[PDB]
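Heads up, the chain below is alone and in the form deposited in one PDB entry; it's given as structure tokens.
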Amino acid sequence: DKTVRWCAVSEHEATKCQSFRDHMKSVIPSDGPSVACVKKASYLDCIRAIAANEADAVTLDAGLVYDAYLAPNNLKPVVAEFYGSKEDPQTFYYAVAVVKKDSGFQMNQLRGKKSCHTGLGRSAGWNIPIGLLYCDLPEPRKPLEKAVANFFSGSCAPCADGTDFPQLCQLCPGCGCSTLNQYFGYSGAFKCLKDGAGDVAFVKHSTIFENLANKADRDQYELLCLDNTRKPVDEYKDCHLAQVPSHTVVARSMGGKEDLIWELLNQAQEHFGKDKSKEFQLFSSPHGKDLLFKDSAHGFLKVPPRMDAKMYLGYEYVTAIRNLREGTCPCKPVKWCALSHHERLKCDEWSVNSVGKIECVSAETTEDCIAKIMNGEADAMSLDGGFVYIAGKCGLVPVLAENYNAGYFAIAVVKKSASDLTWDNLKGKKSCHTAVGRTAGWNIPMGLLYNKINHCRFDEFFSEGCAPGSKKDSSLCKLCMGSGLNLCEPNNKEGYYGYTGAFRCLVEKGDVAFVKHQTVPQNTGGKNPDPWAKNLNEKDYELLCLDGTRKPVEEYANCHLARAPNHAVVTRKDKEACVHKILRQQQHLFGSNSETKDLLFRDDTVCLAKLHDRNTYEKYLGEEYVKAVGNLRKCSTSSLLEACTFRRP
């Protein structure tokens, strides 16, 4: 059977679920998904049922999505309710901290201020703010209301115990837990700020726009960011305390049945969704409100499959809630991300030589490493410019660049014999790329080549090639040299992967190689002893310049496609300051003063530079690069980038 066992937490939810079940059978062919209605006492019993393989799916709030993920349940998000409507599906809400312009403080200065909360136990209003501020709270931090009452000088915390902690109702005496209180609710908390009662209001990114219709009024307010700066209120996407998902269907991490759950719900919304006018309505019921799904929902979106819970909730939210539940308070060692066996051992004795200042975490892919940096499992790692872009869209920032001497050059290399080749028409020719998605091998070359054909389906412009990372059936995987599962894979077990592998690809079967400027010289004249390169001379190879001419290899300065942003270290903004510092020390202690090739960093790197003002993926790579990458993402297959862009379209 292709049955999805849906978990209800009430008799009304069960009744609607049974109706859901019956109407599906009139709509879905017998070879398709069906529904079964398991009923439990609570969302946690549902979570446990799903993990115990007694049910498959339930819809939860962000707090429960965290519970569902914790061991031993290990559930993940698979489908997302969206709101607003089809044009612009709203899946998340942002918890923000609104303040008045020129009030002169930031998040790390909230102690002593007057606070406005939507209500005790509420999320944007209480749980999130308090969870981020937890370790700033005075001890003892239990009971939490007492700690909060000894942190802000006075507050309006609706439904707080004003009798034992009157500070929490100074701005709304009695702490009224109803709209009878003027400072209650999302709109009430903002009023507490607007009226001058308080200095900050913990609400949602939308509260302000729903209570002030004119931009002139809104310009008198700002948001507190966690980097201890401020931004305007229409920039909440870059200045919030947490990005929270409104309503999320969860399922087993292994054992699914993600694919059926989506097929079921996708066809459910197509026949019974918003404004479908049937006897049965997926987003309402006469039996009660918000059964199975929120009544205000407009449809379902499929959660990208790379997404796990910690990634879907986000670093900030997870930090907040984790603090409230564990209650554990503390520059601490940098946890570096290693991608392979050889990289790991190099890291391991970097950790021993460091006397603790650097620990080592290992993952199997770069994107798995970035995911660990995002969610806290790891801290830093060095990345090609094409991966810092991905790391940027995912919320990370660059802390340091690799200097080898403005960075390295992206050159297109050709065999001198074949002298018909010019940059102006390589159409129908054999191409060699380091890997799809990287500066020299793809982003720059295919960036420029995107402008002159107006599309990124490059397996049709070129005849064939090796671009490790393309779908293994593509014409840009036919020249690759890996055997078995390694054919065309973007790692070492594909011989044509990397700067030099792409040049080897040119030597043995390609017509042009997109590569850095030091690659040909460093792999010719016997400098590389492996048979394929040992007897090569760099004079047999030329570079294609953009004007349309050709030029020898060692005068790349006048014959390059563009300047390439240097590789860079990336981390979370909440560790930018400490990763910079740890590393620079570890550099004049182990710098220019890898056992195989280029572990952790490229060994030709001489020092790690700081960027001053270019600590953003947009300001480090430059506008013309991100514009190019933006054009090539249309044809990109990066599952991690698909997850991060789901959170930030």
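Start at 1 with the first residue shown and count on from there.
Another form, the form solved in complex with a partner chain, is not on view; read the next lines as being about it.
Interface residue remark: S362 is counted as part of the site for its partner chain in the deposited complex, having a heavy atom within 4.5 Å.
In the deposited complex, at least one heavy atom of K493 sits within 4.5 Å of a heavy atom of its partner chain. When its partner chain is considered in the deposited complex, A406 lies well away from it, no heavy atom lying within 4.5 Å.
Not displayed here, its partner chain is approached by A52 to within 4.5 Å at the level of heavy atoms in the deposited complex. Think of it this way: in the deposited complex, its partner chain has a heavy atom of just one of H271, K100, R563, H341 within 4.5 Å, and the residue is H341. Only one segment in the set 119-127, 274-282, 239-247, 341-349 has residues whose heavy atoms sit within 4.5 Å of its partner chain in the deposited complex; it is 341-349.
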